[PDB]
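Written below as structure tokens is the structure these notes are about.
Chain naming follows the written order as A, B, C, D, E, F and G, and within any one chain the residues start at number 1.
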């Protein structure tokens, strides 16, 4: 009986979610040329 | 039936992986926004319109050169609220005007308040004296003096530190060239508190690790300690003899030792903040008047003090046109201070 | 702003004829300038003799004129002093002195044109910075 | 005057070192 | 798990290799596998260098540290250090890379398959760290091996094509060494030279006859010393002076390697004989001198009388005196007047730089060399932007001298630290207090009070 | 016993108020000499021709300095790395002009401080301690070697050694930034993380242990009387401390093992300072901080400045002004 | 402990990886497209390589007026 929605879960995702989005954005930027 | 306030208190103070508390309501959103604003700006946002610089990964900067830069000098000390009279609700314009600077600085300030309230809140619940909160007043005094008071004394937020690695380096070098900040005795006390603190950290960790009692058979000695053990894990008597014979004095009281470890770097940071309050006003330790009188009358008199001033004069002339673009400085090649050849 | 065909149009000769370089030519010229010339001419100055730079106006007043492709290519084969009076291949890299300046050994004619074009185009991009030295960094 | 003052303070600090070392409060184990 | 966890070995995972101290078989594996990593890097790095190499650019514009070592031995190069043949580089790379597979094989075998201890299997290959005679014997074998290595350099220099000689009359070239210096007054003289400016201890070695001669001496000294240690056991004064344990012997060797590292740093920074500037680029001193020579040449061509030209300070702008009178270049390069190099020596006479020779005899090749070296001074950024720290991006250059000096200072330093760590540890463990103070026999509690 | 044996027992005695030891026999005379020469020079040395251009810089109090401006001035650039003892000079007057005191001081100090480090190993052996306090001291020591010896070796002159004074130190720092871009060098960045972090953990540890002191005193007494030198029992509750800090961050971010904690307190500053020492010792051979000057370029090829370009402008100002009569040729190659 | 499932249990479970082998790549690709479509430029007002300067100006579009800085930027943008 371990819960899934917890304060910890929310805290983890407020960071992990944007982080992965940002890492994808920054990966793309490496192919931009002037 | 207990009251809603008390019920909310229970829930805020549940033992969980990440403690929340009443302090959490201020801390978490302000900290998250300060940090998210920095990551957003450094990844995506320019400084072309405020400084004439590129400042984001998007434009090609690296981790060393990205920043969230201060607003333009013509903004003065505007709060620069998203819904304020400069941006008028336009997110894109807000970003271009430096609105993320004030966003990060003000949410960061409220977040530091929330962090130190957290330190008091947790100390009270666990039953300890709140010295950790008290020590944290140093980082607060630094953040407030440098990010807030200093620019408030100057023309505008423009001259605050911009949030970035290279940008901060620029802030150091500006302070040398314009304020002669190395000469300032409040800075000097800061340096002594930081290097003295790092000295205490190293010497104390090393001393305990080299006067440990043999409490196990392991050659790796970390296992031979239990958190609930009543006994000292290292010999204070032996540590004291060692340092008395090596350096001439030694700690003999462990409570004094640990208090001194709080005192030194906290006091140093506080001294440095006082100096920066002075610099807000250009109230510098820039010169020694007696040195100037002599040097002016005696062209063979030279010291390291007069040498450093020549360096400062170079920094100001060579950096100001690009670092202060609102001034529209044009310094013809012929007026630039230079020594021979270079 | 852009690196347009116009930016890339420079004088071919002293008689006023122009040549429009390709973007591939521009990039080759930068690369080859780095390979063979930048050690002394980084940024349009000359480290071993700062009195002579690669500004277009300086090049125009050289003898023979060096403010055009043909003048530059000829310079790279048979370099002279600024007044045209002395041949300096023995102390300046050229095709003629490729035995003693070995980086010049595999430079083709096309390579010379590319490098000449870099020299002419860069000031149209950078202005006073080209040949300006540290004051303009 | 200034040189005497700076040297005097220094000399006092060196004297303080001598007393703080050799006329310290002895550490007492009991 | 014969000793492969913390509970049984007494060492945590991060000190895992300390579990090997008394496991001679696996420890031989560790060593042999490690030797294979070194040989692997030599081989693969060489091939990488060769694949990237453009023979008409200087080596030093291309970030090569290994090709330069091969060329200095006379392989692949001709007059002026021009590359005449890359195949000797390819051979050196390939043969190391193949040999590394063999060492790697032996290492993996001994580490994971062969007998963990060797003492049961062989009394010749087994060893106890406390057996003073066995330790001096193995030492002796390795001495003989090192001696032979030094004599291979002699063999290359005297019988198999010679060495690249930057000082060769008429210009740098490969040259066979027929008259190596054997006089002990010269060879051991170098060791008693001051390490300070104008002297430079062994770093001052400036001709290949001394270099070759010095290796004949070391070859024979090491072979003799090795025989000696096979035939003898430590004297009593040695027995009482040292700690006799694996960790102690490691510490001694760490101290020795730290020293050697600092020496190597100085060698590559200042010496342009065994690190020829043709391959490694100019020395820091060299390039600063070469700047002064460049502007002297330029300004004299414009009509300057460089002897009588007083600079802003009152010292000569181009030429001045050293503190012992010798004529030297002026400006900041006054500090570098102990510099000596083949492009500059023709201008030097018994009183230092000779003004007649400066005015009349400077050849175009000297102007070229000086301009080259001035523009490849060993200054640059960590991202390899050549030049002073305020330089703009354009030139991708950091001197091999800088890479080699910096790396080896870093390694020598951390090796000094390792020497202290392990020497302090070996002493404590030999005496029985490396795991802490015995609470019931705390030595300080039996000592009188200080006051 | 015989005289040698007695001497050896006295040298190595664990009962001398200050330990002597064999490292001590070299340390004592070399530190006394460096100290005495330093004190006299700082008060009364005349001006020294540091840059070898006959432009002597006044360092001493009697010649117009104060505590903040004063220094013992490095030896002349004309000397370079040459050994300049007193007996190389034709007279004390010459020796003073050319900066002889600097070399006597720094060589005796580095020798003596090196023996200080050995003496730390030595006393630890005599007391039956673990041996690695001397390893922690190797960090500041390495730093001293870097600025007084290794940087001069690399640049070819003791005139580029750090001066022995407050304003001289700032001068050395500003020129170093000009010539090496030290702020952009990751080893200096490791150094700052080491000292800012050492300060931070210093205050953290002090505050956490102080937070959790066991009540042993009344309100009208310093809590420090609650600990008696040599007592066997710990004077604070580490479990209460860990309970606090684990909640501040999260549980596994806090140490409950005092040995692990103390090792971390040792390691973090020592390592960062080893890196910063190595920053100075590798910039000594001119491998410099990152250079992103003109790294960002627009579609036409216009340079788009970054904060790295603005640093560059500041560095230029330092560069063109430093040692303003000493350069004749256009590049500062050392 | 405080009652939440250990991280080590979670991230070694098959269910976690079934969920996250979808959500992790999806977020990555969405961030990629935020840049590759040019949308990042327009949300944040960041110049593209071709929009720092008009073709013949070498004057930076610095904001000089607090209360119509919004309009100054607007005008600087129309003049490209």
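Please note the rule applied: a contact is a pair of C-beta atoms (placed from the backbone, for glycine too) under 8 Å apart; a residue touches a chain by one contact, two chains touch by 3 or more.
K.L.:
Chains in contact with chain E and with chain F: which ones?
P.N.:
B, C, D
K.L.:
Applying the contact rule given earlier, which two chains have the most C-beta pairs between them?
P.N.:
Highest contact count among chain pairs: B-F.
K.L.:
How big is the gap, in whole Å, between where the Cα atoms of chain B centre and where those of chain D centre?
P.N.:
From the centre of chain B to the centre of chain D is 35 Å.
K.L.:
Distance-wise, how many Å sit between the C-alpha centres of chain B and chain E, to the nearest whole number?
P.N.:
A distance of 43 Å separates the two centres.
K.L.:
Using mean CA coordinates as chain centres, what's the gap between chain A and chain D in Å?
P.N.:
Chain centroid spacing, chain A to chain D, equals 59 Å.
K.L.:
With chain centres taken as the means of their Cα atoms, state the distance from chain B to chain G in Å.
P.N.:
For chain B versus chain G, the centre distance works out to 28 Å.
K.L.:
For chain E, what residues touch not just one other chain but two or more?
P.N.:
294, 312, 374, 390-392, 433-434, 436-437, 442-445, 447, 450-451
K.L.:
Residues touching two or more other chains, restricted to chain C: which are they?
P.N.:
1-2, 47, 134, 137
K.L.:
What are the residue numbers in chain A that touch two or more other chains?
P.N.:
6, 8, 22, 25-26, 29, 32, 34
K.L.:
Show me the residue ranges of chain E that touch chain F in the complex, using the header's touch definition.
P.N.:
So the residues of chain E touching chain F come out as 194, 196-199, 265-266, 269, 284-285, 287-288, 291-292, 294-295, 311-315, 317-318, 322-323, 330-338, 374, 377-383, 385, 388-393, 398, 401-403, 405-406, 409-410, 413-414, 416-417, 420-421, 423-425, 427-428, 431, 433-434, 436-437, 442-444, 447-448, 450-451.
K.L.:
Looking at the complex, which residues from chain D come into contact with chain F?
P.N.:
Chain D residues touching chain F: 2-3, 6-7, 22, 27-30.
K.L.:
Using the touch definition up top, name the residues of chain E that touch chain B in the complex.
P.N.:
My answer: residues 6, 10-12, 14-15, 18, 312, 433-439, 442-445, 447, 450.
K.L.:
In the complex formed with chain E, which residues of chain C make contact?
P.N.:
34-35, 38-40, 42-43, 47-49, 90-91, 100, 102-103, 105-106, 134, 137
K.L.:
Using the touch rule from the top, collect the residues of chain A that touch chain B in their complex.
P.N.:
6-8, 11, 14, 18, 22, 25-26, 29, 32, 34
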